[PDB]
Every structure is written in structure tokens, then in C-alpha cells.
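**Student:** Okay, here's the structure, questions in a sec.
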Amino acid sequence: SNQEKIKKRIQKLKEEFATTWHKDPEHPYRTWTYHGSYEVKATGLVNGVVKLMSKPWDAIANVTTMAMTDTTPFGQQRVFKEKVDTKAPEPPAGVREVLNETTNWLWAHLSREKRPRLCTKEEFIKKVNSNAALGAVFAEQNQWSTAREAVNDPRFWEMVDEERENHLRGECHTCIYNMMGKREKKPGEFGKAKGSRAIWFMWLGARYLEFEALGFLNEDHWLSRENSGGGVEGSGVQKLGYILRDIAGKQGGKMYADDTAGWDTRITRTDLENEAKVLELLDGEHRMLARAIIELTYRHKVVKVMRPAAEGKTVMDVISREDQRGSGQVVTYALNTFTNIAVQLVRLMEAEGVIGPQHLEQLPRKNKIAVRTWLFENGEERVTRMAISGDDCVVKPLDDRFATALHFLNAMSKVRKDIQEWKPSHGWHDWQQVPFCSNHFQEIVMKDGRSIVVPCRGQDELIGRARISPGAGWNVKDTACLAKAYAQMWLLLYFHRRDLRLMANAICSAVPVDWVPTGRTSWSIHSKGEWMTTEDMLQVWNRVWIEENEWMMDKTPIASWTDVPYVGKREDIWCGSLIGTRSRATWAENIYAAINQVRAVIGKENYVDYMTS
Ligand SMILES: Nc1ncnc2c1ncn2[C@@H]1O[C@H](COP(=O)(O)OP(=O)(O)OP(=O)(O)O)[C@@H](O)[C@H]1O
Ligand SMILES: [Zn+2]
Ligand SMILES: [Zn+2]
């Protein structure tokens with residue numbers, strides 16, 4: 001039966017590469033069914049402007065050694081073995097009953113006003129022709145080369161329609177995962193650093209089909225705060241401090257922000273079944289299509305991944321498994337947020353004495369009743385005590401028993417990161433120490449007496465990333481525009497950091513004022529890209545921090561960067577500032593040599609001197 005569901009995809013591959021197809025070099029796979037291999041060509045960059053603008057950071061290992069990804073077969077195999085070739089154990093019956101109730105409640109709540117609907121060809125095309133199918137990583141669109149000309153060709157859509165017909169017939173032929181490579185470990189403090197993660201691609205057609213059947217979850221903002229209560233989908237990172245500060249404003253215990261150790265390796269068949277309840281929000285064709293996506297591409301997966309073989313040779317392995325997720329899906333962020341809300345509701349019920357460790361193997365009827373009653377009476381309020389974005393969460397429980405409420409959490413395989421399994425969680429009395437979506441947030445006072453809540457994170461990581469250039473095919477122009485994008489992003493979000501204000505300004509002084517920022521500064525669903533512009537950044541700043549800031553009452557425009565605040569020196573240094581050092585002072589004093597050196601490489605252009613201060 002599982003055999004049956006993957007047969008067609010395997011047969012397609014076995015036939016396309018019948019030439020080199022063989023059955024295995026002692027294959028490494030332990031939890032994945034191995035089908036065979038074939039021969040392939042193995043797969044596997046500094047920003048000059050930012051580099052030149054950041055001389056002191058040449059002495060800092062976090063910056064100089066930074067790498068994003070490893071798409072070699074070696075890196076594919078490493079990440080596959082560490083992160084994908086594992087199986088989370090199913091939770092026991094009581095826990096299942098608690099998650100069953102909890103997810104029934106959450107689905108009823110998310111669907112209270114929003115109605116599910118198909119997304120469309122034209123919606124997808126519009127999505128593709130922009131700031132992207134951002135992160136649902138895109139691409140086999142192999143013969144067009146880019147996604148834009150692929151969606152522009154009627155032949156692409158005929159392929160889509162054919163596979164759509166197969167789905168409607170209960171079969172899947174082409175919808176196959178490719179593990180393109182490894183996203184390296186990201187920096188963080190203990191309990192917050194992200195481990196390496198797999199990078200998944202599928203054919204563009206597969207992405208369309210997924211998007212059509214389930215993309216409404218994203219496109220109609222099912223996980224927005226307004227709809228989900230605990231979610232924050234749609235909000236810029238500049239809203240998130242304010243949201244934490246409102247949560248902090250409620251009466252309760254400390255604030256907790258436990259990460260799961262590798263969330264995407266820890267979702268169980270149970271979590272999938274509860275997610276799959278989405279099917280009953282659906283009717284007719286819509287449901288048929290979504291059912292095919294869930295049953296055939298989410299559950300019965302087929303996966304291609306590279307492996308090093310004999311003579312500096314590379315094979316592609318073909319493997320399958322009755323599985324769950326990994327990301328690489330169009331709705332991975334939405335469903336992670338759903339399941340993680342449910343997870344936090346369960347933990348809150350344990351923390352509030354509704355359920356205990358006696359209940360894991362079996363949930364007594366009396367407790368089932370109390371569970372349902374607690375969700376009915378408290379769900380809507382408890383959800384507002386949370387900020388959940390994917391696997392990132394912050395929660396403010398009623399009281400600090402939450403610290404020890406770990407039985408259901410561990411039984412659900414949602415083991416917390418970098419803390420011993422049964423050690424109570426650490427919570428914070430101060431909302432400004434709480435980490436969330438790679439930031440913490442600081443309330444700072446401006447000269448005019450008004451205050452703002454600004455995002456803050458390790459400066460080395462920011463500088464390190466800006467120094468990276470994805471382009472083999474980036475112009476002098478594209479490099480300077482990307483440097484510009486980073487600089488302007490720092491001006492909108494991290495202006496309060498002295499080195500970043502200074503570095504951003506020097507970069508904007510060095511790059512032609514009429515050049516439009518291009519490229520990508522962040523993968524986060526929370527970076528909205530207000531800095532991708534040639535508009536004067538202070539006006540953008542005013543619009544974001546004053547005008548459209550619903551926590552800003554007095555709408556009085558700020559007129560000069562002079563009146564835009566910095567964090568206290570203590571903070572700045574804490575999060576990696578180089579102020580106070582001889583290196584950074586030499587740097588501030590000689591910056592102009594670097595600027596003019598850039599202006600001299602780029603050539604005769606309209607420039608502006610932004611080092612007024
Ligand atoms: N479940 C999730 N999956 C992927 N990204 C998430 C999830 N939840 C939140 N995020 C966002 O992604 C960021 C970190 O993981 P990611 O791989 O996206 O690197 P990144 O976001 O590009 O780094 P950065 O935040 O500087 O852009 C977090 O800051 C957060 O804003
Ligand atoms: Zn398919
Ligand atoms: Zn900070």
C-alpha cells in the first residue's frame with residue numbers, strides 16, 4: 001500500500017536514469033527505504049563594499065569564518081544522517097487524546113471567520129514575480145532556468161494540469177523531494193542557537209499544486225495574531241518587541257521561551273494527523289486536491305539526495321518513507337505554528353493541573369472533560385499569552401509551575417534544547433531579556449521623551465551576513481546594491497547600534513544614491529523589506545517607527561537622525577559593539593579612505609555624503 005503510493009514516482013526515476021541505475025554501494029540509510037542510485041554531476045563569495053567598510057571585523061572569527069550552506073554531496077550526507085535519517089517516537093494514548101481535543105479546539109478557533117479557498121495560477125505567478133515564493137525553496141524549473149519564464153510558458157501549465165489530473169485520480173507521479181544541501185548552524189545563546197537544517201527543493205509544479213490546495217493558510221493569513229491569537233504571521237520584526245511587551249503587561253509568572261531541539265525532526269505522525277484535520281474545513285474538488293497533497297506528498301514521500309562514491313564520483317540516491325514535513329513545504333511555517341500553539345496549550349494545561357504524568361498512557365474521562373472545558377473557557381485568553389512563529393515561541397503562563405510542566409512536553413518528543421531533559425525551564429522577569437525570532441527587544445527613550453521598542457541581536461552575525469555575496473553573477477552594480485540593502489535594513493531596524501549606524505551610512509555614502517537596493521538580506525518571514533528603496537531612509541523610519549507604529553500615540557515626525565536614539569553603550573557592547581577599542585576608533589577616523597576607494601572603483605556617479613555626524 002505505501003509501495004503502491006510511491007511506485008509511480010520511483011518508476012519515473014528508474015526509467016529516466018535507467019542508464020546508470022544500480023542498487024547500492026552499502027547505502028547508509030537507516031530509517032528510510034532505499035530504492036537505488038544513479039550517476040550525477042556533483043554540486044557545491046565576498047561583498048567588496050561591505051568588506052571595505054568593515055576593516056575591524058577582519059579580526060573577528062564569527063565574521064570571517066561565516067558560511068551559510070554546504071551543497072556538496074558530503075554536506076548533503078552529513079545533514080541527512082544527523083537530521084533527516086531519524087524517527088521521532090509516537091506519543092502514548094493519553095497524550096494523543098489531549099492533542100486530539102486541543103487541535104480540535106485550535107482548528108475550530110482558526111476557522112471561525114476565515115473560510116478556506118483555492119489559490120490560483122495568477123496568484124502563484126504574482127507570487128513568483130516578486131520578493132519570492134520566499135523560502136519554499138523553489139527550483140527544479142529545469143529547462144526554463146528561472147521561475148518567471150517557466151510560469152510564462154503554457155507548456156509548464158500543461159504539465160501542472162496533467163499532475164493535477166493524477167492527483168484528482170488519487171495518484172502522484174512527479175511530486176518528489178530533493179535535499180539540495182545543508183544550512184549551517186546559526187549563532188545563538190544556549191537554548192536558542194539553531195542547529196544545521198536540510199534544504200529541500202521540489203519541481204515548481206509541485207509547489208504550485210501545494211500552493212493551490214493549502215496555500216490559503218498563508219495567503220489569507222490564518223496564523224496572523226488577529227486570527228490565531230498567539231501567532232504573529234504578517235508582522236514585521238519591528239512589531240515583535242511591542243507584542244512581547246504587551247504579553248509582559250498581563251498578570252502571570254515569568255516569561256518562557258524554550259526552543260525545541262530541532263523541531264522539524266520532532267514532529268510525529270500524531271502531529272501530522274492533527275494538522276490533516278484541515279481536510280474537514282474543505283469541500284468537493286478543493287478537498288480532493290488537498291487530500292492528494294497531504295496523503296501523497298506529505299505522508300508518502302520520495303526523496304533524492306547526493307552521496308560521494310568511488311572515484312571522486314557522485315551518485316544520487318532514491319529513497320522513500322511514510323514520513324512528516326522537514327520544511328521544504330509551502331505550508332511548513334503555518335503548520336509548525338499551528339502545532340506549536342497546540343503544544344503550548346498542552347503544556348499550559350499541565351502547568352495548571354488539568355493533566356499530570358498519570359495521564360500520559362491513559363486519559364481518564366474526567367480529565368477529557370476538564371481538558372475540553374479548559375479549552376472552551378480559557379483557550380482564547382491563553383493564546384494571547386503567547387507569541388508563536390514556527391518553532392519559535394514565547395509564553396507567559398499564569399504561574400511558574402510552567403517551569404516544571406514537562407511530562408506531556410517530553411512525551412510529545414518536543415524535547416527542549418541545551419537543557420537537561422527534566423531540569424525546570426528558566427523564565428525571565430524582564431521581557432527585554434526574552435529571545436524570539438533571533439532578536440531580543442529593548443525599550444529606549446528618545447530625546448523628545450517618547451520611547452520605542454527596538455530589535456536587537458549579535459552584531460557579528462549581522463556584519464558577517466552582509467559581507468556575504470550570493471552572486472557568482474553579481475555586477476559591481478549588484479554587489480553595491482546588495483551592500484545598500486543591508487545598510488538600509490540596519491538603518492530601519494538596528495539604527496540604535498553605533499557601529500551599524502556608522503557602517504550603514506558609510507556604505508550609503510559609497511554607493512550611487514540613485515541605485516536601488518537588490519537581493520535578500522534575510523530569509524525571515526518577519527523581514528518585510530521596507531529598506532529595499534531609494535526613498536530617503538529617515539522618511540521610511542518615520543513611517544515605520546512613528547506613523548504606522550500603533551504603539552506610538554504622538555504622531556510627531558522626527559526630523560533628524562540626530563534625534564533617532566542609540567541603545568545604552570552597555571547594551572551595545574553586550575551585543576558585540578566595538579566601541580571603546582583602538583581598532584573601531586581608527587576605523588571611524590579613516591572611513592573616508594574606504595568610501596572614496598569605493599566611489600573610485602564604481603566611477604563617476606551621483607553620490608551623497610551621509611557622514612554629516
Ligand atoms: N519555523 C521557522 N522556520 C524557519 N524560520 C523561522 C521559523 N520561525 C521563525 N523563523 C524566522 O527565521 C529566522 C532564523 O532562521 P532562518 O533560517 O530563517 O535564518 P534567517 O531568518 O535568514 O536569519 P535571519 O533572521 O538574520 O534572517 C528567525 O529569526 C525567524 O525570524
Ligand atoms: Zn504529485
Ligand atoms: Zn542586544
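For the C-alpha cells, the naming scheme is as follows: chains receive sequential letters (A, B, ...) according to their order of presentation, residues are indexed from 1 within each chain, and ligands are indexed from 1 in presentation order.
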Taking only C-alpha atoms and all ligand atoms into account, report as a PDB file with N, CA, C and O atoms, in the first residue's frame which residues have an atom no farther than 8 Å from an atom of ligand 1.
**Tutor:**
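Below is the file pocket-v3.pdb, written as the result:
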```pdb
ATOM      1  N   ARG A 183      21.923  23.809   5.548  1.00  0.00           N
ATOM      2  CA  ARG A 183      22.014  25.150   6.149  1.00  0.00           C
ATOM      3  C   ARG A 183      22.855  24.992   7.413  1.00  0.00           C
ATOM      4  O   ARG A 183      22.493  24.198   8.282  1.00  0.00           O
ATOM      5  N   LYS A 186      23.513  28.250  12.965  1.00  0.00           N
ATOM      6  CA  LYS A 186      23.469  29.684  13.162  1.00  0.00           C
ATOM      7  C   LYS A 186      23.903  30.000  14.613  1.00  0.00           C
ATOM      8  O   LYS A 186      23.707  29.171  15.503  1.00  0.00           O
ATOM      9  N   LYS A 194      20.265  27.845  16.405  1.00  0.00           N
ATOM     10  CA  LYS A 194      19.640  26.824  15.544  1.00  0.00           C
ATOM     11  C   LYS A 194      20.722  25.874  15.065  1.00  0.00           C
ATOM     12  O   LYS A 194      21.789  26.316  14.652  1.00  0.00           O
ATOM     13  N   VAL A 237       9.505  42.422  12.061  1.00  0.00           N
ATOM     14  CA  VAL A 237      10.244  42.160  13.271  1.00  0.00           C
ATOM     15  C   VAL A 237      10.146  43.378  14.188  1.00  0.00           C
ATOM     16  O   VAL A 237      10.287  43.270  15.426  1.00  0.00           O
ATOM     17  N   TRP A 263      13.111  21.181  15.742  1.00  0.00           N
ATOM     18  CA  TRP A 263      11.688  20.980  15.729  1.00  0.00           C
ATOM     19  C   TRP A 263      11.285  20.085  14.533  1.00  0.00           C
ATOM     20  O   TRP A 263      10.349  19.298  14.627  1.00  0.00           O
ATOM     21  N   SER A 327      10.163  20.763   6.622  1.00  0.00           N
ATOM     22  CA  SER A 327      10.093  22.005   5.834  1.00  0.00           C
ATOM     23  C   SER A 327      10.295  21.529   4.466  1.00  0.00           C
ATOM     24  O   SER A 327      10.101  20.328   4.183  1.00  0.00           O
ATOM     25  N   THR A 332       4.895  24.703   5.563  1.00  0.00           N
ATOM     26  CA  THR A 332       5.706  24.271   6.733  1.00  0.00           C
ATOM     27  C   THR A 332       5.660  25.284   7.890  1.00  0.00           C
ATOM     28  O   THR A 332       5.478  24.901   9.058  1.00  0.00           O
ATOM     29  N   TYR A 333       5.805  26.567   7.581  1.00  0.00           N
ATOM     30  CA  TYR A 333       5.784  27.616   8.632  1.00  0.00           C
ATOM     31  C   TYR A 333       4.383  27.706   9.320  1.00  0.00           C
ATOM     32  O   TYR A 333       4.259  27.788  10.582  1.00  0.00           O
ATOM     33  N   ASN A 336       3.864  24.343  11.346  1.00  0.00           N
ATOM     34  CA  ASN A 336       4.708  24.453  12.571  1.00  0.00           C
ATOM     35  C   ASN A 336       4.081  25.386  13.586  1.00  0.00           C
ATOM     36  O   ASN A 336       4.064  25.089  14.770  1.00  0.00           O
ATOM     37  N   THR A 337       3.549  26.538  13.135  1.00  0.00           N
ATOM     38  CA  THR A 337       2.966  27.483  14.083  1.00  0.00           C
ATOM     39  C   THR A 337       1.741  26.863  14.746  1.00  0.00           C
ATOM     40  O   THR A 337       1.564  26.945  15.994  1.00  0.00           O
ATOM     41  N   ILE A 388       4.010  32.939  18.866  1.00  0.00           N
ATOM     42  CA  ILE A 388       4.465  31.709  18.212  1.00  0.00           C
ATOM     43  C   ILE A 388       4.711  32.005  16.772  1.00  0.00           C
ATOM     44  O   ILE A 388       3.797  32.446  16.074  1.00  0.00           O
ATOM     45  N   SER A 389       5.942  31.781  16.319  1.00  0.00           N
ATOM     46  CA  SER A 389       6.277  31.944  14.931  1.00  0.00           C
ATOM     47  C   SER A 389       7.066  30.680  14.547  1.00  0.00           C
ATOM     48  O   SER A 389       8.253  30.515  14.894  1.00  0.00           O
ATOM     49  N   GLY A 390       6.398  29.752  13.870  1.00  0.00           N
ATOM     50  CA  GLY A 390       7.080  28.480  13.542  1.00  0.00           C
ATOM     51  C   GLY A 390       7.393  27.733  14.832  1.00  0.00           C
ATOM     52  O   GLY A 390       6.533  27.623  15.745  1.00  0.00           O
ATOM     53  N   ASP A 391       8.640  27.298  14.951  1.00  0.00           N
ATOM     54  CA  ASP A 391       9.124  26.640  16.155  1.00  0.00           C
ATOM     55  C   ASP A 391       9.598  27.623  17.221  1.00  0.00           C
ATOM     56  O   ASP A 391      10.034  27.198  18.284  1.00  0.00           O
ATOM     57  N   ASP A 392       9.553  28.932  16.961  1.00  0.00           N
ATOM     58  CA  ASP A 392       9.948  29.912  17.985  1.00  0.00           C
ATOM     59  C   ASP A 392       8.735  30.204  18.808  1.00  0.00           C
ATOM     60  O   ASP A 392       7.605  30.353  18.264  1.00  0.00           O
ATOM     61  N   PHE A 436      13.545  35.790  20.732  1.00  0.00           N
ATOM     62  CA  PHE A 436      12.404  35.468  19.860  1.00  0.00           C
ATOM     63  C   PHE A 436      12.740  35.875  18.455  1.00  0.00           C
ATOM     64  O   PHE A 436      12.950  37.081  18.210  1.00  0.00           O
ATOM     65  N   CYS A 437      12.795  34.908  17.518  1.00  0.00           N
ATOM     66  CA  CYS A 437      12.999  35.162  16.092  1.00  0.00           C
ATOM     67  C   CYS A 437      14.317  35.890  15.936  1.00  0.00           C
ATOM     68  O   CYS A 437      14.429  36.900  15.210  1.00  0.00           O
ATOM     69  N   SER A 438      15.294  35.407  16.670  1.00  0.00           N
ATOM     70  CA  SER A 438      16.687  35.806  16.505  1.00  0.00           C
ATOM     71  C   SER A 438      17.006  37.161  17.088  1.00  0.00           C
ATOM     72  O   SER A 438      18.100  37.640  16.930  1.00  0.00           O
ATOM     73  N   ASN A 439      16.067  37.714  17.834  1.00  0.00           N
ATOM     74  CA  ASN A 439      16.257  39.003  18.483  1.00  0.00           C
ATOM     75  C   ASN A 439      15.949  38.930  19.993  1.00  0.00           C
ATOM     76  O   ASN A 439      15.402  37.949  20.478  1.00  0.00           O
ATOM     77  N   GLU A 461      27.027  38.607  13.699  1.00  0.00           N
ATOM     78  CA  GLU A 461      26.240  37.873  12.731  1.00  0.00           C
ATOM     79  C   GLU A 461      25.691  38.784  11.614  1.00  0.00           C
ATOM     80  O   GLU A 461      25.631  38.384  10.431  1.00  0.00           O
ATOM     81  N   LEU A 462      25.328  40.011  11.970  1.00  0.00           N
ATOM     82  CA  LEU A 462      24.745  40.949  11.002  1.00  0.00           C
ATOM     83  C   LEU A 462      25.809  41.341  10.016  1.00  0.00           C
ATOM     84  O   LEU A 462      25.575  41.290   8.807  1.00  0.00           O
ATOM     85  N   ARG A 465      26.903  38.396   7.786  1.00  0.00           N
ATOM     86  CA  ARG A 465      25.984  38.121   6.705  1.00  0.00           C
ATOM     87  C   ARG A 465      26.065  39.150   5.601  1.00  0.00           C
ATOM     88  O   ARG A 465      26.027  38.782   4.441  1.00  0.00           O
ATOM     89  N   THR A 521      18.306  40.247   2.286  1.00  0.00           N
ATOM     90  CA  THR A 521      19.129  40.457   3.463  1.00  0.00           C
ATOM     91  C   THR A 521      18.776  39.463   4.527  1.00  0.00           C
ATOM     92  O   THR A 521      19.511  39.249   5.482  1.00  0.00           O
ATOM     93  N   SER A 522      17.608  38.876   4.406  1.00  0.00           N
ATOM     94  CA  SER A 522      17.139  37.954   5.431  1.00  0.00           C
ATOM     95  C   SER A 522      16.186  36.942   4.855  1.00  0.00           C
ATOM     96  O   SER A 522      15.510  37.233   3.892  1.00  0.00           O
ATOM     97  N   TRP A 523      16.136  35.747   5.428  1.00  0.00           N
ATOM     98  CA  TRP A 523      15.141  34.752   4.988  1.00  0.00           C
ATOM     99  C   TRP A 523      13.878  34.817   5.861  1.00  0.00           C
ATOM    100  O   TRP A 523      12.831  34.276   5.515  1.00  0.00           O
ATOM    101  N   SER A 524      13.976  35.516   6.980  1.00  0.00           N
ATOM    102  CA  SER A 524      12.888  35.536   7.930  1.00  0.00           C
ATOM    103  C   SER A 524      11.523  36.023   7.367  1.00  0.00           C
ATOM    104  O   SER A 524      11.431  37.042   6.661  1.00  0.00           O
ATOM    105  N   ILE A 525      10.470  35.295   7.705  1.00  0.00           N
ATOM    106  CA  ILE A 525       9.148  35.711   7.345  1.00  0.00           C
ATOM    107  C   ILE A 525       8.803  37.064   7.948  1.00  0.00           C
ATOM    108  O   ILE A 525       7.840  37.709   7.512  1.00  0.00           O
ATOM    109  N   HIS A 526       9.591  37.485   8.944  1.00  0.00           N
ATOM    110  CA  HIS A 526       9.435  38.794   9.592  1.00  0.00           C
ATOM    111  C   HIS A 526      10.221  39.960   8.997  1.00  0.00           C
ATOM    112  O   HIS A 526      10.050  41.125   9.490  1.00  0.00           O
ATOM    113  N   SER A 527      11.061  39.738   7.971  1.00  0.00           N
ATOM    114  CA  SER A 527      11.691  40.932   7.321  1.00  0.00           C
ATOM    115  C   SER A 527      10.923  41.298   6.129  1.00  0.00           C
ATOM    116  O   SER A 527      10.887  40.530   5.180  1.00  0.00           O
TER     117      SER A 527
END
```
**Student:** DSSP on the backbone: which residues in segment 95-168 of chain A end up as helix (DSSP H, G or I)? Give the answer as a VMD selection string.
**Tutor:** chain A and resid 95 to 110 121 to 128 147 to 152 154 to 168
**Student:** How would the residues just picked look written out with N, CA and C atoms as a compact mmCIF listing (two decimals), in the first residue's frame?
**Tutor:**
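Okay, result01.txt is ready:
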```
# COMPACT_ATOMS: atom_id res chain seq x y z
N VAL A 95 -1.72 11.28 25.86
CA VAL A 95 -1.17 12.46 25.19
C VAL A 95 -1.88 12.66 23.86
N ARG A 96 -2.04 11.59 23.08
CA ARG A 96 -2.81 11.64 21.81
C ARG A 96 -4.22 12.20 22.01
N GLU A 97 -4.84 11.86 23.14
CA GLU A 97 -6.22 12.26 23.40
C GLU A 97 -6.25 13.74 23.75
N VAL A 98 -5.24 14.19 24.51
CA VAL A 98 -5.09 15.57 24.82
C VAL A 98 -4.82 16.44 23.54
N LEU A 99 -3.93 15.98 22.67
CA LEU A 99 -3.63 16.69 21.43
C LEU A 99 -4.82 16.66 20.48
N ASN A 100 -5.58 15.55 20.50
CA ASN A 100 -6.78 15.44 19.68
C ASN A 100 -7.76 16.58 20.06
N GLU A 101 -8.11 16.68 21.37
CA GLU A 101 -9.00 17.73 21.86
C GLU A 101 -8.45 19.14 21.55
N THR A 102 -7.16 19.30 21.78
CA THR A 102 -6.51 20.59 21.75
C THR A 102 -6.55 21.08 20.32
N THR A 103 -6.23 20.20 19.37
CA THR A 103 -6.20 20.60 17.97
C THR A 103 -7.62 20.77 17.39
N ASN A 104 -8.60 20.02 17.89
CA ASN A 104 -10.00 20.29 17.52
C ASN A 104 -10.39 21.68 17.89
N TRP A 105 -10.00 22.09 19.09
CA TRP A 105 -10.28 23.44 19.52
C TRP A 105 -9.57 24.49 18.64
N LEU A 106 -8.29 24.26 18.33
CA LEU A 106 -7.49 25.28 17.65
C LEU A 106 -8.04 25.41 16.23
N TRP A 107 -8.32 24.30 15.55
CA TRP A 107 -8.93 24.34 14.20
C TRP A 107 -10.29 25.06 14.22
N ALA A 108 -11.12 24.78 15.23
CA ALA A 108 -12.40 25.49 15.30
C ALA A 108 -12.16 26.97 15.48
N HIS A 109 -11.16 27.34 16.29
CA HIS A 109 -10.85 28.73 16.51
C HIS A 109 -10.28 29.42 15.24
N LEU A 110 -9.35 28.77 14.53
CA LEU A 110 -8.76 29.41 13.35
C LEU A 110 -9.75 29.53 12.22
N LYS A 121 -3.60 30.10 -10.18
CA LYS A 121 -2.49 30.20 -11.11
C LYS A 121 -1.93 31.62 -11.05
N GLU A 122 -2.85 32.59 -11.18
CA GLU A 122 -2.48 34.01 -11.29
C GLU A 122 -1.90 34.53 -10.00
N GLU A 123 -2.42 34.05 -8.87
CA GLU A 123 -1.85 34.32 -7.55
C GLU A 123 -0.40 33.79 -7.45
N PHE A 124 -0.20 32.54 -7.82
CA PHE A 124 1.15 31.95 -7.86
C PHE A 124 2.09 32.79 -8.74
N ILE A 125 1.67 33.09 -9.97
CA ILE A 125 2.54 33.85 -10.88
C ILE A 125 2.93 35.16 -10.26
N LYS A 126 1.97 35.82 -9.61
CA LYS A 126 2.22 37.09 -8.98
C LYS A 126 3.20 36.91 -7.84
N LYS A 127 3.03 35.83 -7.08
CA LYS A 127 3.97 35.49 -6.00
C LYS A 127 5.37 35.28 -6.58
N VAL A 128 5.49 34.41 -7.59
CA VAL A 128 6.78 34.16 -8.28
C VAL A 128 7.48 35.44 -8.81
N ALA A 147 12.03 30.87 -12.70
CA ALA A 147 10.65 30.54 -12.38
C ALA A 147 9.70 31.39 -13.21
N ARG A 148 10.05 32.66 -13.34
CA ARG A 148 9.35 33.61 -14.22
C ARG A 148 9.07 33.11 -15.66
N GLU A 149 10.06 32.56 -16.36
CA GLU A 149 9.72 32.14 -17.72
C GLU A 149 8.98 30.81 -17.73
N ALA A 150 9.29 29.98 -16.74
CA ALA A 150 8.50 28.78 -16.51
C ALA A 150 6.97 29.08 -16.38
N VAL A 151 6.60 29.96 -15.47
CA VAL A 151 5.15 30.29 -15.33
C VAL A 151 4.58 31.02 -16.53
N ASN A 152 5.46 31.59 -17.35
CA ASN A 152 5.06 32.32 -18.57
C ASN A 152 4.76 31.42 -19.78
N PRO A 154 2.94 28.18 -21.46
CA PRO A 154 1.76 27.33 -21.38
C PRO A 154 2.07 25.85 -21.22
N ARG A 155 3.25 25.45 -21.69
CA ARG A 155 3.74 24.08 -21.55
C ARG A 155 3.93 23.69 -20.07
N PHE A 156 4.57 24.56 -19.29
CA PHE A 156 4.61 24.40 -17.81
C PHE A 156 3.22 24.09 -17.22
N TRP A 157 2.24 24.93 -17.56
CA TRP A 157 0.87 24.76 -17.05
C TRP A 157 0.18 23.49 -17.54
N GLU A 158 0.62 22.97 -18.67
CA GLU A 158 0.06 21.72 -19.17
C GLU A 158 0.61 20.59 -18.35
N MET A 159 1.87 20.72 -17.93
CA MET A 159 2.50 19.72 -17.05
C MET A 159 1.81 19.74 -15.69
N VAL A 160 1.69 20.92 -15.13
CA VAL A 160 0.91 21.10 -13.91
C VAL A 160 -0.46 20.43 -13.99
N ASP A 161 -1.23 20.75 -15.04
CA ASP A 161 -2.59 20.22 -15.18
C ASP A 161 -2.63 18.70 -15.24
N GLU A 162 -1.68 18.12 -15.95
CA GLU A 162 -1.54 16.66 -16.01
C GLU A 162 -1.35 16.05 -14.61
N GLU A 163 -0.46 16.64 -13.83
CA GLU A 163 -0.20 16.11 -12.49
C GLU A 163 -1.40 16.36 -11.58
N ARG A 164 -2.08 17.48 -11.81
CA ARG A 164 -3.33 17.81 -11.12
C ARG A 164 -4.37 16.72 -11.41
N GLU A 165 -4.52 16.37 -12.68
CA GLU A 165 -5.33 15.23 -13.03
C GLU A 165 -4.90 13.94 -12.32
N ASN A 166 -3.62 13.62 -12.28
CA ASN A 166 -3.20 12.46 -11.50
C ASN A 166 -3.60 12.54 -10.00
N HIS A 167 -3.42 13.71 -9.40
CA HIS A 167 -3.82 13.92 -8.02
C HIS A 167 -5.30 13.64 -7.89
N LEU A 168 -6.09 14.23 -8.79
CA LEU A 168 -7.54 14.07 -8.74
C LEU A 168 -7.91 12.63 -8.89
```
**Student:** Considering only C-alpha atoms, return as a ChimeraX atom specification whatever protein or nucleic-acid residues lie within 10 Å of residue 212 of chain A, sequence-local ones (same chain, fewer than 4 positions apart) excluded.
**Tutor:** /A:117-121,123-124,206-208,216,286,289-290,293,330
**Student:** Could you turn the residues from that selection into a file that holds C-alpha atoms, as an mmCIF file, in the first residue's frame?
**Tutor:**
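The result, stored in selection-v2.cif:
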```cif
data_model
loop_
_atom_site.group_PDB
_atom_site.id
_atom_site.type_symbol
_atom_site.label_atom_id
_atom_site.label_comp_id
_atom_site.auth_asym_id
_atom_site.auth_seq_id
_atom_site.Cartn_x
_atom_site.Cartn_y
_atom_site.Cartn_z
ATOM 1 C CA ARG A 117 -10.450 28.562 -0.726
ATOM 2 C CA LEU A 118 -8.163 27.538 -3.589
ATOM 3 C CA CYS A 119 -5.263 29.680 -4.524
ATOM 4 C CA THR A 120 -4.809 30.297 -8.162
ATOM 5 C CA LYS A 121 -2.486 30.201 -11.106
ATOM 6 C CA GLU A 123 -1.849 34.319 -7.550
ATOM 7 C CA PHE A 124 1.151 31.951 -7.855
ATOM 8 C CA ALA A 206 4.747 20.504 -7.198
ATOM 9 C CA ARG A 207 4.933 23.853 -5.412
ATOM 10 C CA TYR A 208 2.090 25.184 -7.470
ATOM 11 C CA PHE A 216 -4.841 29.722 1.622
ATOM 12 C CA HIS A 286 -10.589 21.540 -3.050
ATOM 13 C CA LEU A 289 -6.650 18.224 -4.181
ATOM 14 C CA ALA A 290 -5.584 18.877 -0.569
ATOM 15 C CA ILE A 293 -1.091 16.788 -1.317
ATOM 16 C CA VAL A 330 4.691 25.560 1.147
#
```
**Student:** Distance limit 7 Å, reference ligand 3, atoms considered: only C-alpha atoms and all ligand atoms. Which residues make the cut? Give them as JSON, numbers by chain.
**Tutor:** {"A": [440, 456, 457, 458, 571, 572, 574, 575]}
**Student:** Kindly provide the residues of chain A that approach ligand 2 to within 6 Å, each paired with its closest atom pair and their distance in Å to one decimal, based on only C-alpha atoms and all ligand atoms, listed by chain and increasing number, as CSV.
**Tutor:**
```
residue,atom,partner,partner_atom_place_in_ligand_line,distance
A:163,CA,ligand 2,1 (Zn),5.7
A:172,CA,ligand 2,1 (Zn),3.7
A:173,CA,ligand 2,1 (Zn),5.1
A:174,CA,ligand 2,1 (Zn),4.9
A:175,CA,ligand 2,1 (Zn),3.9
```
**Student:** Could you tell me which of A:351, A:454, A:257, A:50 comes closest to residue 416 of chain A if we count only C-alpha atoms?
**Tutor:** A:257
**Student:** Compare A:129, A:64, A:442, A:297 by their minimum atom-to-atom distance to residue 171 of chain A, counting only C-alpha atoms, and give me the closest one.
**Tutor:**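 Among A:129, A:64, A:442, A:297, it is A:297 that comes nearest to residue 171 of chain A.
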**Student:** Excluding same-chain residues fewer than 5 positions from segment 299-311 of chain A, what lies within 6 Å of it counting only C-alpha atoms, as a PyMOL selection string?
**Tutor:** chain A and resi 73+176-179+316-324
**Student:** Counting only C-alpha atoms, which residue out of A:196, A:367, A:235, A:596 sits closest to residue 264 of chain A?
**Tutor:**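 Of A:196, A:367, A:235, A:596, the one nearest residue 264 of chain A is A:196, counting only C-alpha atoms.
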**Student:** Which one is closest to residue 535 of chain A: A:488, A:142, A:577, A:265? Count only C-alpha atoms.
**Tutor:**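 Closest candidate: A:488.
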**Student:** I'd like to know which residues of segment 437-469 of chain A are strand (DSSP E or B) (by DSSP, run on the backbone); could you write them as a list in words?
**Tutor:**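 The strand (DSSP E or B) subset of segment 437-469 of chain A is residues 439, 440, 441, 442, 443, 444, 445, 451, 452, 453, 454, 455, 456 and 468 of chain A.
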